[PDB]
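First, one chain by itself in C-alpha cells, the form deposited in one PDB entry.
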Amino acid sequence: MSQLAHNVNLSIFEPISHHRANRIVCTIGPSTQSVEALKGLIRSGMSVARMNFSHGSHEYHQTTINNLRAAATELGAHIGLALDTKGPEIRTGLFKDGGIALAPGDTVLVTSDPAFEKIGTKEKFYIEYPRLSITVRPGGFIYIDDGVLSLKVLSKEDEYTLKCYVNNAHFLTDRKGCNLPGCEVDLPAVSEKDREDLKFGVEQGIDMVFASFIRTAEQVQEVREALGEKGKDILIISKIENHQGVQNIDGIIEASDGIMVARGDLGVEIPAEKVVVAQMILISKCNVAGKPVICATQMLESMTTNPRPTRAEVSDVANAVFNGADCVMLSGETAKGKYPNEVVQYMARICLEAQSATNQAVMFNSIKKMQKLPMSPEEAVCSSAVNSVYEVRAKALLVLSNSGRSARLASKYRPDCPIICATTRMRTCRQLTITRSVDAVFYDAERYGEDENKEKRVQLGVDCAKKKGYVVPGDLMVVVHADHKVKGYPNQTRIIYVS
C-alpha cells in the first residue's frame, strides 16, 4: 500500500481501535511533584518522568524520586526516571543600571575579560567564554537572550575583546544566555555541577540521562566516564542542540543509546525551516539505528496556561509522531502548567490519531530494505517476527529479552501491534519506556525460577497482553526468544494461539 493510499481511505470519524504505541515524557515540577499529582500523570499517559537539573537542589529532586517511586508502586507502573543535565552555559555579565538598550547599527565591545564582569555598559560588556576571540570570527554571529539579540562580529580588537554590530533593538539585562551559530563551541561535555548531578543520579538509580548540548561523539564518551562503572547500564540520550551536534549526528548516534531533538535550542541557532528538516534527519537516522528518539520543547506550550493548545501545536506533535519519533516530551506544560493531566491526555490522543493515520507497513518495508543480505541471525529473526505479525495479523509481539535489546530491535521494524517484553530486570522495564510500542513485564526469576523452558515467561507475556486488552483467546501472538544454546539474542520464533 503506500502512505498516499492509506490517506485517501481514512475516515476521520471512525473510532480508533489501535493501542497507543508512542510514549510521553513528562517534566516534573511544582504542578506535579506530589504523589497524587504523579498518580494523575501516570493515569493520564506518562511513561517517563524527567528531572530538569537546571533548576532545584538534590533534595527537591530526591522528593521527585521518592514521590515517583511511591506513586508508581501504588499503581503497579514501570516509569522511566530521567535526569536532564544543566550542562555548560554561555552567559553575559552584569550591567550598570541592570541593563542596556541596544539599537540596530550600534557597535558594542564584547569581552571575555573577567575585569568587566560587573560593569557592563552599552559600549562594552562581559561574556564568560575564554575562547571567544578564537572561536568566533569576523562575519560570524553571537546570539543573546534566547537568541533575540543578534550581534555580527566585525573584528577582533585584542585577545579578549570582539567588536560587534547590533542587528536588532533589544534591552539586555544581567546574565543572559548566549549562543554561537555554526561554531565549534570549546566547552566541556560535562560541567563541574554535572558530575555531581550524575553522581547523585547513579546513587539514586536513575534509568537514563538526558545529556545537554552534545556536540561530538567524544563528548558522549565523557558522559559515559562520568557515570562510571557503577552507572554503566544507565542510558545516555544525547540532546542535540546546535549545528555541530547535527553535523556529527552519526558519531553521536553510534556512541549514545538514543537522541533527543531539542527543537527550541536548535532554533536559537538555525533557521526554523532547517530545524524542521533536522528533526526529520535525526529521527530517521535513529529509526534506522534502532535507537529511541525523543522530540522535545515547544510541544503544547500554550496549554501551560490555556485549557487548549493551538491547531499549529497539535499538528507539530502529530508530525513528530509521523516523522517516526518514539517519544514526545512535555516541559512547562506538566512542570508548572495549570493543566498537567489534560495536556498529557491530550498529547496521548494526538499520538493515537497520528499512529492511526500512519501506514505502518510502509515504515516496516523501508527499514527492512536497508538491511544487507546475508543478514545476521538476530536481525533475520526480529524482522521475520515483525513480518509474521503482518502476515497472520497477530495482535501482540512478545519478546523475551533481559536487557531489552531484543525489544528495541523488534520496535525498529515497527509492527502495528504492541510489543510485550518479558524481562528478568526492573531496570529494563523502566528503560523500555522510551521505546515505541513496548510494554515490559517483569519476570521475577528469584521467585519463579530460571524458566529454562521459557514457558513461564511466554505465559506471563500472554497474560500481560490479555490484562491490557491487546489479545483475547483465539487471537494470535508471535513470540521471539533464545533456544537452549544461544546467548545474547533470541534466535527462535513461535506463532501461538492465545488461550
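Each residue number is its position in the shown sequence, starting from 1.
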Practice problem: Look over 227-235 and 78-86 in the entry and identify the one with the greater average Cα temperature factor. | Solution: 227-235
Quiz item: Which of the two stretches, 428-436 or 450-458, shows the higher mean Cα temperature factor in the record?
Solution: 450-458
Quiz item: Quick one: which of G139, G332, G324, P271 has the biggest Cα B-factor according to the entry?
Solution: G139
Quiz item: Which of these, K285, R131, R215, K368, has its C-alpha atom at the highest B-factor, as the entry lists it?
Solution: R131
Quiz item: Going by the entry, which third of its chain does the Cα temperature factor of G264 land in?
Solution: middle
Quiz item: Of the three thirds of its chain by CA temperature factor, lowest, middle or highest, which one includes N22?
Solution: lowest
Exercise. Taking the values exactly as deposited, rank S384 by C-alpha B-factor within its chain and report the matching third: lowest, middle or highest.
Key: lowest
Quiz item: Going by what the PDB entry lists, where does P307 fall on CA B-factor within its chain: lowest, middle or highest third?
Solution: highest
Exercise. Sort the modelled residues of this chain by their C-alpha B factor and say whether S112 lands in the lowest, middle or highest third.
Key: highest
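The same protein also exists as the form deposited in another entry; that form is not shown, yet it is the one meant from here on.
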Quiz item: So one rigid chunk twists against the other between this form and the one not shown - which of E128, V185, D233, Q204 is right at the hinge?
Solution: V185
Practice problem: Answer with closer or farther for the CA-CA spacing of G56 and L149 in the other form compared to the shown form; it moves by 3 Å or more. | Solution: closer
Quiz item: How does the C-alpha distance between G56 and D145 change in the other form compared with the present structure, closer or farther, given a change of 3 angstroms or more?
Solution: closer
